[PDB]
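Working notes, beginning with the structure itself.
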Amino acid sequence: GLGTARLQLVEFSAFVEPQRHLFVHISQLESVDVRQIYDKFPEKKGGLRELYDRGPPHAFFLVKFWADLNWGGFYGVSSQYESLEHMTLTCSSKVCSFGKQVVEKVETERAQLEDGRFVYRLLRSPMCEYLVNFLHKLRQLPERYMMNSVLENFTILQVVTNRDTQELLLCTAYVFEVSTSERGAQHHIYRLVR
């Protein structure tokens, strides 16, 4: 699964409300050389290389999404994390185009005790205007292969840190293709090694 002993991703979804439609969804391992995707993110500071250098290596994951782009509504992102230790999470999400940052969103969420464990709920976070706009354009493409061509240069990098200790808890890279309405959204989680 996606997580470490200190922090685990439990659920992740991006959606639009008029019942919801899920572009992508993760509800809850093969390897990928991290060097092979350095160019899909900023190569200098806070680039994947530098983060992997500081470590820890076991906190690094790659997720490939096959998004479902078949649906003025509310565009939102929901995330839920869990842990056994009480912490405050700093969640950084960097949207990248052609390997360059076009959006950085930073949120904070404190632990909530529930069922004998700590939960971190970042629900219904409004999707950034750039993504909403991008989705609106993307879905107008006449062919799925054209969507995949455009999505080739679109990546997201999520960094979750312990706000107090500044320790890296979880770093996840996202890459994207499109899936048919018939098949529905899907994902493949990888471990990033070096």
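Within each chain, counting starts at residue 1; across the structure tokens, chains are named A, B, ... in the order shown, with ligands numbered 1 upward in that order.
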
*Can you list every residue in segment 101-183 of chain A that DSSP puts in alpha helix (DSSP H), as a PyMOL selection string?*
chain A and resi 129-138+144-151

*asked:* Residues near residue 60 of chain A, anyone? I mean within 12 Å using only C-alpha atoms, not counting same-chain ones fewer than 3 positions away, as a ChimeraX atom specification.
replied: /A:1-4,31-34,48-49,51-57,63,157-160,168-174,189-194

*asked:* Env of residue 9 of chain A: 8 Å cut, atoms = only C-alpha atoms, seq-sep filter 6 positions within chain, self excluded. Answer as a ChimeraX atom specification.
replied: /A:2-3,28,79-82

Residue selection dump (N, CA, C and O atoms) as a PDB file, in the first residue's frame:
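This is the output file selection-v4.pdb:
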ATOM      1  N   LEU A   2       0.173   2.408  -0.122  1.00  0.00           N
ATOM      2  CA  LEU A   2       0.861   3.693  -0.147  1.00  0.00           C
ATOM      3  C   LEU A   2       0.995   4.266   1.259  1.00  0.00           C
ATOM      4  O   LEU A   2       0.045   4.832   1.803  1.00  0.00           O
ATOM      5  N   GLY A   3       2.181   4.130   1.836  1.00  0.00           N
ATOM      6  CA  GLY A   3       2.447   4.703   3.139  1.00  0.00           C
ATOM      7  C   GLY A   3       3.626   4.062   3.833  1.00  0.00           C
ATOM      8  O   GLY A   3       4.212   3.099   3.337  1.00  0.00           O
ATOM      9  N   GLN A  28      -8.234   2.472   0.357  1.00  0.00           N
ATOM     10  CA  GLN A  28      -7.401   1.471   0.978  1.00  0.00           C
ATOM     11  C   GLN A  28      -7.888   1.055   2.341  1.00  0.00           C
ATOM     12  O   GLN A  28      -7.381   1.523   3.342  1.00  0.00           O
ATOM     13  N   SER A  79      -8.652  13.958   0.704  1.00  0.00           N
ATOM     14  CA  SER A  79      -7.573  13.124   1.169  1.00  0.00           C
ATOM     15  C   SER A  79      -7.727  12.735   2.618  1.00  0.00           C
ATOM     16  O   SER A  79      -8.058  13.534   3.442  1.00  0.00           O
ATOM     17  N   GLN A  80      -7.440  11.488   2.905  1.00  0.00           N
ATOM     18  CA  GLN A  80      -7.470  11.000   4.255  1.00  0.00           C
ATOM     19  C   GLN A  80      -6.207  10.185   4.562  1.00  0.00           C
ATOM     20  O   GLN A  80      -5.866   9.282   3.855  1.00  0.00           O
ATOM     21  N   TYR A  81      -5.539  10.544   5.633  1.00  0.00           N
ATOM     22  CA  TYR A  81      -4.376   9.852   6.076  1.00  0.00           C
ATOM     23  C   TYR A  81      -4.649   9.352   7.496  1.00  0.00           C
ATOM     24  O   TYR A  81      -5.463   9.876   8.182  1.00  0.00           O
ATOM     25  N   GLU A  82      -3.949   8.326   7.904  1.00  0.00           N
ATOM     26  CA  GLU A  82      -3.877   7.777   9.279  1.00  0.00           C
ATOM     27  C   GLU A  82      -2.361   7.453   9.898  1.00  0.00           C
ATOM     28  O   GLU A  82      -1.400   7.274   9.210  1.00  0.00           O
TER      29      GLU A  82
END

*asked:* Taking 3 positions as the minimum chain separation for residues in the same chain, which residues sit within 6 Å of residue 12 of chain A when counting only C-alpha atoms? Answer as a VMD selection string.
replied: chain A and resid 25 to 26 78 to 79

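Considering only C-alpha atoms, the residue among A:85, A:109, A:50, A:17 positioned nearest to residue 73 of chain A is A:17.
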
*Coordinates-based distance that separates atom CA of residue 100 of chain A from atom CA of residue 62 of chain A (Å, one decimal)*: 17.9 Å

*asked:* With distances taken over only C-alpha atoms, which residue among A:142, A:76, A:99, A:184 lies nearest residue 20 of chain A?
replied: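 Among A:142, A:76, A:99, A:184, it is A:76 that comes nearest to residue 20 of chain A.
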
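Between atom CA of residue 130 of chain A and atom CA of residue 151 of chain A there is a distance of 14.3 Å.
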
_For the strand (DSSP E or B) assignment from backbone DSSP, which residues of segment 59-127 of chain A qualify? Please present them as a PyMOL selection string._
chain A and resi 60-68+74-83+88-97+100-110+112-114+117-126

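Computed from the coordinates, the atom CA of residue 149 of chain A to atom CA of residue 30 of chain A distance equals 24.8 Å.
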
*Counting only C-alpha atoms, what is within 12 Å of residue 115 of chain A, bar same-chain residues fewer than 2 positions away, as a PyMOL selection string?*
chain A and resi 82-84+112-113+117-119
